[PDB]
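**Q** This is the content of target_36.cif (mmCIF, C-alpha atoms):
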```cif
data_work
#
loop_
_atom_site.group_PDB
_atom_site.id
_atom_site.type_symbol
_atom_site.label_atom_id
_atom_site.label_comp_id
_atom_site.auth_asym_id
_atom_site.auth_seq_id
_atom_site.Cartn_x
_atom_site.Cartn_y
_atom_site.Cartn_z
ATOM 1 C CA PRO E 1 -34.416 14.926 10.107
ATOM 2 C CA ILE E 2 -33.504 11.622 8.417
ATOM 3 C CA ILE E 3 -35.093 10.497 5.137
ATOM 4 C CA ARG E 4 -34.502 7.263 3.219
ATOM 5 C CA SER E 5 -34.817 6.144 -0.384
ATOM 6 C CA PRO E 6 -37.383 3.533 -1.495
ATOM 7 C CA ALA E 7 -34.432 1.281 -2.360
ATOM 8 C CA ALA E 8 -33.017 1.619 1.158
ATOM 9 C CA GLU E 9 -36.305 0.455 2.661
ATOM 10 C CA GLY E 10 -36.258 -2.476 0.258
ATOM 11 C CA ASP E 11 -32.772 -3.304 1.511
ATOM 12 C CA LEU E 12 -33.836 -3.449 5.156
ATOM 13 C CA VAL E 13 -36.931 -5.568 4.452
ATOM 14 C CA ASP E 14 -34.824 -7.973 2.373
ATOM 15 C CA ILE E 15 -32.253 -8.026 5.174
ATOM 16 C CA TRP E 16 -35.012 -8.608 7.727
ATOM 17 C CA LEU E 17 -36.609 -11.486 5.804
ATOM 18 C CA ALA E 18 -33.243 -13.210 5.321
ATOM 19 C CA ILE E 19 -32.545 -13.254 9.056
ATOM 20 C CA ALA E 20 -36.199 -13.972 9.787
ATOM 21 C CA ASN E 21 -35.800 -17.381 8.007
ATOM 22 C CA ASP E 22 -33.621 -18.406 10.983
ATOM 23 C CA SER E 23 -35.302 -16.331 13.712
ATOM 24 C CA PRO E 24 -37.734 -13.385 13.345
ATOM 25 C CA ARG E 25 -36.574 -12.132 16.702
ATOM 26 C CA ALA E 26 -32.939 -11.999 15.627
ATOM 27 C CA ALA E 27 -33.998 -9.992 12.588
ATOM 28 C CA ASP E 28 -35.619 -7.425 14.891
ATOM 29 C CA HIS E 29 -32.351 -7.123 16.849
ATOM 30 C CA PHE E 30 -30.213 -6.547 13.779
ATOM 31 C CA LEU E 31 -32.504 -3.958 12.198
ATOM 32 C CA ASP E 32 -32.753 -2.243 15.583
ATOM 33 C CA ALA E 33 -28.946 -2.263 15.521
ATOM 34 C CA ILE E 34 -29.005 -0.697 12.052
ATOM 35 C CA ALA E 35 -31.407 2.032 13.184
ATOM 36 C CA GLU E 36 -29.404 2.903 16.292
ATOM 37 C CA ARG E 37 -26.457 3.267 13.916
ATOM 38 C CA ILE E 38 -28.357 5.525 11.505
ATOM 39 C CA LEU E 39 -29.739 7.664 14.336
ATOM 40 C CA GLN E 40 -26.163 8.327 15.470
ATOM 41 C CA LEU E 41 -25.811 10.339 12.243
ATOM 42 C CA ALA E 42 -28.132 13.053 13.587
ATOM 43 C CA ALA E 43 -25.523 13.919 16.231
ATOM 44 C CA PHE E 44 -22.420 12.888 14.247
ATOM 45 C CA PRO E 45 -23.133 13.525 10.552
ATOM 46 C CA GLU E 46 -19.563 12.626 9.508
ATOM 47 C CA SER E 47 -19.235 9.262 11.264
ATOM 48 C CA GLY E 48 -19.051 7.582 7.862
ATOM 49 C CA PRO E 49 -15.983 8.531 5.828
ATOM 50 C CA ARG E 50 -16.402 9.930 2.334
ATOM 51 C CA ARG E 51 -16.489 7.133 -0.260
ATOM 52 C CA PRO E 52 -15.628 8.661 -3.656
ATOM 53 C CA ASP E 53 -15.120 5.176 -5.105
ATOM 54 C CA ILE E 54 -18.873 4.636 -4.632
ATOM 55 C CA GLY E 55 -20.327 8.071 -5.333
ATOM 56 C CA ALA E 56 -19.409 11.711 -5.710
ATOM 57 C CA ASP E 57 -20.770 12.794 -2.320
ATOM 58 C CA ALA E 58 -21.441 9.321 -0.926
ATOM 59 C CA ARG E 59 -20.562 8.369 2.638
ATOM 60 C CA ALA E 60 -20.543 4.949 4.279
ATOM 61 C CA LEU E 61 -21.226 3.987 7.898
ATOM 62 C CA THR E 62 -20.322 0.444 8.880
ATOM 63 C CA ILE E 63 -22.747 -1.839 10.718
ATOM 64 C CA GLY E 64 -21.574 -5.438 10.798
ATOM 65 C CA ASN E 65 -20.542 -6.435 7.279
ATOM 66 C CA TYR E 66 -23.107 -4.065 5.743
ATOM 67 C CA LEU E 67 -22.722 -0.442 4.700
ATOM 68 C CA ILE E 68 -25.173 2.401 5.326
ATOM 69 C CA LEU E 69 -24.749 4.382 2.122
ATOM 70 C CA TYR E 70 -25.721 7.998 2.701
ATOM 71 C CA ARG E 71 -25.462 11.637 1.657
ATOM 72 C CA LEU E 72 -25.700 14.957 3.487
ATOM 73 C CA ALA E 73 -28.075 17.682 2.310
ATOM 74 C CA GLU E 74 -28.912 21.136 3.639
ATOM 75 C CA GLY E 75 -30.916 20.494 6.765
ATOM 76 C CA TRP E 76 -31.415 16.738 6.473
ATOM 77 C CA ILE E 77 -29.643 13.430 6.038
ATOM 78 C CA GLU E 78 -30.486 11.200 3.075
ATOM 79 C CA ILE E 79 -30.152 7.435 3.593
ATOM 80 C CA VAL E 80 -29.550 6.138 0.073
ATOM 81 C CA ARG E 81 -28.860 2.420 0.438
ATOM 82 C CA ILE E 82 -27.868 -0.457 2.694
ATOM 83 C CA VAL E 83 -25.782 -3.022 0.793
ATOM 84 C CA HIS E 84 -23.299 -5.668 1.885
ATOM 85 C CA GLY E 85 -19.761 -4.341 1.878
ATOM 86 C CA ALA E 86 -17.050 -4.963 -0.676
ATOM 87 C CA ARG E 87 -16.348 -8.657 -0.278
ATOM 88 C CA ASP E 88 -13.006 -9.833 1.043
ATOM 89 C CA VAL E 89 -10.520 -11.771 -1.054
ATOM 90 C CA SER E 90 -11.385 -14.968 0.830
ATOM 91 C CA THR E 91 -12.485 -17.472 -1.805
ATOM 92 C CA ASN J 1 -4.200 -24.194 -27.012
ATOM 93 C CA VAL J 2 -3.667 -20.449 -26.493
ATOM 94 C CA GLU J 3 -1.247 -17.503 -26.708
ATOM 95 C CA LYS J 4 2.176 -17.321 -25.061
ATOM 96 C CA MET J 5 4.073 -14.725 -23.035
ATOM 97 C CA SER J 6 7.604 -15.188 -21.690
ATOM 98 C CA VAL J 7 8.216 -14.506 -17.997
ATOM 99 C CA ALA J 8 11.447 -14.133 -16.025
ATOM 100 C CA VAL J 9 11.655 -15.888 -12.665
ATOM 101 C CA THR J 10 13.907 -14.687 -9.857
ATOM 102 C CA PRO J 11 16.621 -16.933 -8.395
ATOM 103 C CA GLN J 12 14.763 -17.585 -5.141
ATOM 104 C CA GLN J 13 11.547 -18.302 -7.030
ATOM 105 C CA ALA J 14 13.219 -20.824 -9.330
ATOM 106 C CA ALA J 15 14.494 -22.711 -6.278
ATOM 107 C CA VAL J 16 11.075 -23.037 -4.637
ATOM 108 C CA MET J 17 9.382 -24.040 -7.907
ATOM 109 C CA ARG J 18 11.987 -26.739 -8.311
ATOM 110 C CA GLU J 19 11.152 -28.382 -4.978
ATOM 111 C CA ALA J 20 7.412 -28.294 -5.718
ATOM 112 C CA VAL J 21 7.797 -30.074 -9.068
ATOM 113 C CA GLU J 22 10.239 -32.584 -7.571
ATOM 114 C CA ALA J 23 7.855 -33.369 -4.698
ATOM 115 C CA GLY J 24 5.165 -33.999 -7.322
ATOM 116 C CA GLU J 25 2.957 -31.118 -6.191
ATOM 117 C CA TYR J 26 3.114 -29.883 -9.805
ATOM 118 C CA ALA J 27 4.082 -31.452 -13.116
ATOM 119 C CA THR J 28 5.981 -28.405 -14.396
ATOM 120 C CA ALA J 29 7.077 -24.922 -13.409
ATOM 121 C CA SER J 30 4.952 -23.512 -16.231
ATOM 122 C CA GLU J 31 1.783 -24.995 -14.715
ATOM 123 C CA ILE J 32 2.609 -23.414 -11.350
ATOM 124 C CA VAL J 33 2.799 -19.986 -13.019
ATOM 125 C CA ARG J 34 -0.488 -20.678 -14.807
ATOM 126 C CA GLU J 35 -2.066 -21.253 -11.398
ATOM 127 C CA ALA J 36 -0.528 -18.050 -10.008
ATOM 128 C CA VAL J 37 -1.891 -15.860 -12.804
ATOM 129 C CA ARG J 38 -5.322 -17.503 -12.602
ATOM 130 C CA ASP J 39 -5.513 -16.815 -8.858
ATOM 131 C CA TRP J 40 -4.548 -13.168 -9.459
ATOM 132 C CA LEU J 41 -7.251 -12.760 -12.120
ATOM 133 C CA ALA J 42 -9.903 -14.259 -9.853
ATOM 134 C CA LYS J 43 -8.923 -11.709 -7.194
ATOM 135 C CA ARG J 44 -9.057 -8.848 -9.714
ATOM 136 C CA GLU J 45 -12.330 -10.078 -11.219
ATOM 137 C CA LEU J 46 -13.920 -10.222 -7.755
ATOM 138 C CA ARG J 47 -12.631 -6.826 -6.671
ATOM 139 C CA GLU J 48 -13.763 -5.211 -9.931
ATOM 140 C CA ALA J 49 -17.205 -6.815 -9.649
ATOM 141 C CA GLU J 50 -17.757 -5.694 -6.049
ATOM 142 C CA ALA J 51 -16.566 -2.140 -6.675
ATOM 143 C CA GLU J 52 -18.885 -1.941 -9.678
ATOM 144 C CA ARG J 53 -21.734 -3.430 -7.631
ATOM 145 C CA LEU J 54 -21.531 -0.625 -5.045
ATOM 146 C CA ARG J 55 -21.224 2.068 -7.718
ATOM 147 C CA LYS J 56 -24.438 0.873 -9.338
ATOM 148 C CA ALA J 57 -26.207 0.387 -5.979
ATOM 149 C CA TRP J 58 -25.660 4.076 -5.180
ATOM 150 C CA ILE J 59 -27.110 5.414 -8.427
ATOM 151 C CA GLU J 60 -29.890 2.841 -8.029
ATOM 152 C CA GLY J 61 -30.867 4.191 -4.626
ATOM 153 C CA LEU J 62 -30.854 7.768 -5.841
ATOM 154 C CA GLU J 63 -33.115 6.886 -8.816
ATOM 155 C CA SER J 64 -35.404 4.553 -6.794
ATOM 156 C CA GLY J 65 -38.274 7.019 -6.646
ATOM 157 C CA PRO J 66 -38.909 9.685 -3.924
ATOM 158 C CA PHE J 67 -37.518 9.657 -0.375
ATOM 159 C CA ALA J 68 -39.691 9.231 2.703
ATOM 160 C CA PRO J 69 -39.107 9.789 6.415
ATOM 161 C CA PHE J 70 -37.153 7.092 8.182
ATOM 162 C CA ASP J 71 -39.070 4.946 10.644
ATOM 163 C CA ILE J 72 -37.527 1.589 11.446
ATOM 164 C CA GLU J 73 -40.622 0.187 13.156
ATOM 165 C CA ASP J 74 -42.608 0.614 9.940
ATOM 166 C CA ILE J 75 -39.931 -1.386 8.127
ATOM 167 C CA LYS J 76 -39.848 -4.049 10.838
ATOM 168 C CA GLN J 77 -43.634 -4.284 10.665
ATOM 169 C CA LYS J 78 -43.804 -4.275 6.867
ATOM 170 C CA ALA J 79 -41.328 -7.154 6.652
ATOM 171 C CA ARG J 80 -43.436 -9.384 8.907
ATOM 172 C CA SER J 81 -46.474 -8.851 6.670
ATOM 173 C CA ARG J 82 -44.551 -10.534 3.841
ATOM 174 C CA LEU J 83 -43.344 -13.360 6.088
ATOM 175 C CA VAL J 84 -46.883 -14.409 7.054
ATOM 176 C CA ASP J 85 -48.022 -14.337 3.424
ATOM 177 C CA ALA J 86 -45.099 -16.676 2.726
ATOM 178 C CA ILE J 87 -46.764 -19.271 4.970
#
```
Here is the file; what I need is its structure written in the form of structure tokens.

**A**
Amino acid sequence: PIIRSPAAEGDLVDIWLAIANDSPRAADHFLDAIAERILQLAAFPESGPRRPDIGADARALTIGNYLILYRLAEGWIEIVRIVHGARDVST
Amino acid sequence: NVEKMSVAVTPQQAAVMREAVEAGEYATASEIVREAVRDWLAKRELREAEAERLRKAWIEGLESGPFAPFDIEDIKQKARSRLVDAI
């Protein structure tokens, strides 16, 4: 089973609205893409490498330029957050 | 002005700085160094800010109330409800 934090849901709705300004359809495609990527965790729990720099037992799965911040618990996967990745040096 | 620290340029670096000042790209070799350190700080400032951002985002998600089952279609639907209210 896969459970998510209230913040993580807020992330996806914010993400959806941002893209929806351009095209609501395109927003559906990206979130669908995010979900497909989260659902891969049920079969491959360790697809995202450990990220100690973020959190003690945090893991990060990459979708586009965003990160699926998550943790593994006994019997279920906890989706903690979905934030944009560490930004590149390009200024 | 401000404080001063003395820096030691390498032979190859002195040569390149010389051409830049001569070409008029820069007024002095000291101003070129000032630019170099400023660029480096910008990079460090950015990297530090982003790393800190993610650190706080993680604790923020953990503390953001109780978890609920994951259904994307509910999220896709909930987002549209806010879009219509926007118009």

**Q** Step by step, work through what the PyMOL selection byres ((chain E) within 6 of (chain J)) selects in the shown file, and finish by giving those residues as a PyMOL selection string.

**A** chain E and resi 2-7+13+54+80-81+86

**Q** Deliver the residues from the most recent selection as a file, using C-alpha atoms, as a PDB file, in the coordinates of the input.

**A**
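What landed in selection-v7.pdb:
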```pdb
ATOM      1  CA  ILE E   2     -33.504  11.622   8.417  1.00  0.00           C
ATOM      2  CA  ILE E   3     -35.093  10.497   5.137  1.00  0.00           C
ATOM      3  CA  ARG E   4     -34.502   7.263   3.219  1.00  0.00           C
ATOM      4  CA  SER E   5     -34.817   6.144  -0.384  1.00  0.00           C
ATOM      5  CA  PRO E   6     -37.383   3.533  -1.495  1.00  0.00           C
ATOM      6  CA  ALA E   7     -34.432   1.281  -2.360  1.00  0.00           C
ATOM      7  CA  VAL E  13     -36.931  -5.568   4.452  1.00  0.00           C
ATOM      8  CA  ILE E  54     -18.873   4.636  -4.632  1.00  0.00           C
ATOM      9  CA  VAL E  80     -29.550   6.138   0.073  1.00  0.00           C
ATOM     10  CA  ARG E  81     -28.860   2.420   0.438  1.00  0.00           C
ATOM     11  CA  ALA E  86     -17.050  -4.963  -0.676  1.00  0.00           C
TER      12      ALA E  86
END
```

**Q** What's around residue 7 in chain J at 12 Å? Count only C-alpha atoms, leave out sequence neighbours fewer than 2 positions away in its own chain, and write the answer as a PDB file with C-alpha atoms, in the frame of the given file.

**A**
```pdb
ATOM      1  CA  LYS J   4       2.176 -17.321 -25.061  1.00  0.00           C
ATOM      2  CA  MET J   5       4.073 -14.725 -23.035  1.00  0.00           C
ATOM      3  CA  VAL J   9      11.655 -15.888 -12.665  1.00  0.00           C
ATOM      4  CA  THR J  10      13.907 -14.687  -9.857  1.00  0.00           C
ATOM      5  CA  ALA J  14      13.219 -20.824  -9.330  1.00  0.00           C
ATOM      6  CA  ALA J  29       7.077 -24.922 -13.409  1.00  0.00           C
ATOM      7  CA  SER J  30       4.952 -23.512 -16.231  1.00  0.00           C
ATOM      8  CA  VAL J  33       2.799 -19.986 -13.019  1.00  0.00           C
ATOM      9  CA  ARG J  34      -0.488 -20.678 -14.807  1.00  0.00           C
ATOM     10  CA  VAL J  37      -1.891 -15.860 -12.804  1.00  0.00           C
TER      11      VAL J  37
END
```

**Q** Can you list, as a PDB file with C-alpha atoms, in the coordinates of the input, the residues that the PyMOL selection byres ((chain E and resi 67-72) around 9) selects here?

**A**
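So expr-v4.pdb came out as:
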```
ATOM      1  CA  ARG E   4     -34.502   7.263   3.219  1.00  0.00           C
ATOM      2  CA  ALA E   8     -33.017   1.619   1.158  1.00  0.00           C
ATOM      3  CA  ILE E  34     -29.005  -0.697  12.052  1.00  0.00           C
ATOM      4  CA  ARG E  37     -26.457   3.267  13.916  1.00  0.00           C
ATOM      5  CA  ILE E  38     -28.357   5.525  11.505  1.00  0.00           C
ATOM      6  CA  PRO E  45     -23.133  13.525  10.552  1.00  0.00           C
ATOM      7  CA  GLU E  46     -19.563  12.626   9.508  1.00  0.00           C
ATOM      8  CA  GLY E  48     -19.051   7.582   7.862  1.00  0.00           C
ATOM      9  CA  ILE E  54     -18.873   4.636  -4.632  1.00  0.00           C
ATOM     10  CA  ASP E  57     -20.770  12.794  -2.320  1.00  0.00           C
ATOM     11  CA  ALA E  58     -21.441   9.321  -0.926  1.00  0.00           C
ATOM     12  CA  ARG E  59     -20.562   8.369   2.638  1.00  0.00           C
ATOM     13  CA  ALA E  60     -20.543   4.949   4.279  1.00  0.00           C
ATOM     14  CA  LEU E  61     -21.226   3.987   7.898  1.00  0.00           C
ATOM     15  CA  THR E  62     -20.322   0.444   8.880  1.00  0.00           C
ATOM     16  CA  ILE E  63     -22.747  -1.839  10.718  1.00  0.00           C
ATOM     17  CA  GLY E  64     -21.574  -5.438  10.798  1.00  0.00           C
ATOM     18  CA  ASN E  65     -20.542  -6.435   7.279  1.00  0.00           C
ATOM     19  CA  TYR E  66     -23.107  -4.065   5.743  1.00  0.00           C
ATOM     20  CA  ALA E  73     -28.075  17.682   2.310  1.00  0.00           C
ATOM     21  CA  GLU E  74     -28.912  21.136   3.639  1.00  0.00           C
ATOM     22  CA  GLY E  75     -30.916  20.494   6.765  1.00  0.00           C
ATOM     23  CA  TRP E  76     -31.415  16.738   6.473  1.00  0.00           C
ATOM     24  CA  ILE E  77     -29.643  13.430   6.038  1.00  0.00           C
ATOM     25  CA  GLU E  78     -30.486  11.200   3.075  1.00  0.00           C
ATOM     26  CA  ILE E  79     -30.152   7.435   3.593  1.00  0.00           C
ATOM     27  CA  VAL E  80     -29.550   6.138   0.073  1.00  0.00           C
ATOM     28  CA  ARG E  81     -28.860   2.420   0.438  1.00  0.00           C
ATOM     29  CA  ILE E  82     -27.868  -0.457   2.694  1.00  0.00           C
ATOM     30  CA  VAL E  83     -25.782  -3.022   0.793  1.00  0.00           C
ATOM     31  CA  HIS E  84     -23.299  -5.668   1.885  1.00  0.00           C
ATOM     32  CA  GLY E  85     -19.761  -4.341   1.878  1.00  0.00           C
TER      33      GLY E  85
ATOM     34  CA  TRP J  58     -25.660   4.076  -5.180  1.00  0.00           C
TER      35      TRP J  58
END
```

**Q** One number please: CA of residue 28 in chain E to CA of residue 49 in chain E, in Å, one decimal.

**A**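 Distance reported for this atom pair: 26.9 Å.
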
**Q** Quick one, how far is CA of residue 12 in chain E from CA of residue 56 in chain E?

**A**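 Between CA of residue 12 in chain E and CA of residue 56 in chain E the gap works out to 23.6 Å.
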